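Some notes on the structure that comes next.
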Amino acid sequence: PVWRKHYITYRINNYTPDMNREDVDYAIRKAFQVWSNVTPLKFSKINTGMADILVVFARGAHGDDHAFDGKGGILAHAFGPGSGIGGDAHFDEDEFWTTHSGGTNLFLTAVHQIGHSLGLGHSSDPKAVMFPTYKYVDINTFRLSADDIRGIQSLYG
Ligand SMILES: CC(=O)N[C@H]1[C@H](OCCCn2cc(CN([C@@H](C(=O)O)C(C)C)S(=O)(=O)c3ccc(-c4ccccc4)cc3)nn2)O[C@H](COC(C)=O)[C@@H](OC(C)=O)[C@@H]1OC(C)=O
Ligand SMILES: [Ca+2]
Ligand SMILES: [Ca+2]
Ligand SMILES: [Ca+2]
Ligand SMILES: [Zn+2]
Ligand SMILES: [Zn+2]
């Protein structure tokens, strides 16, 4: 249930019009960084070819048999480690993605979904990033909880 290599590629398949491109790239890259800070994994954005983790913005039905649901409800989903669609993280474009507190924060959502792309389940600690409910936390004080660190290190340490 894990990536069996420690150099992992991602590609941004497409950009949400909600946010400037620069802010999308920065959110995503920072989100990956959160995990590469507590494991030996290295993440590399690529701009051509097939990436391990593909990052997709889409609405409703988008060709994976798990349609999204409009504004609210499900925000995003992600497939666990594997080939093809494995690892891929999809973000519901009917949300309003933002760099701060308005709408839904892309960074925080990405940290969570990349958790799942890496093989994590959910946490019972409301402080954890892998807690199952979205809430805006102070990104200046953001930090992985002990539960996240133990989970991720059990897979990749
Ligand atoms: C679990 C849940 O909250 N479901 C909500 C319900 O969701 C239906 C789908 C059930 N569900 C939710 C999830 C968790 N999500 C994904 C996940 O775990 O990644 C999976 C689909 C892959 S998620 O989209 O909801 C999700 C994504 C990111 C995060 C996250 C982001 C940042 C930090 C931490 C967590 C949390 C949840 N799994 N199944 O929608 C309803 C309507 O939504 C509106 C208008 O906001 C919710 O009603 C509200 C807000 O009161 C409803 O709340 C209830 C009763 O469960
Ligand atoms: Ca939705
Ligand atoms: Ca993949
Ligand atoms: Ca949107
Ligand atoms: Zn999908
Ligand atoms: Zn989740």
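Going from the start of the chain as shown, residues are counted 1 onward.
Positions of Cβ are set from backbone N, Cα and C atoms, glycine also.
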Checklist entry - Looking at Swiss-Prot, which one out of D52, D125, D138, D147 binds Ca(2+) 2 in the same site as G84, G86, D88? => result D52
Checklist entry - So which binding-site residues out of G72, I74, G84, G86 are up against ligand 4, CB under 6 A? => result none
Checklist entry - For Ca(2+) 3, what surrounds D69, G70, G72, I74, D92, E95 with a Cβ no more than 8 Å from their Cβ centroid? => result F68, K71, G73, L75, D94
Next on the checklist: So among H62, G70, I74, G84, all listed as binding-site residues, which is physically nearest to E93 (Ca(2+) 1 binding site)? Use the C-alpha atoms.
Outcome noted: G70
Checklist entry - Under 6 Å from ligand 3 by Cβ, which binding-site residues from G70, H77, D88, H90, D92? => result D88
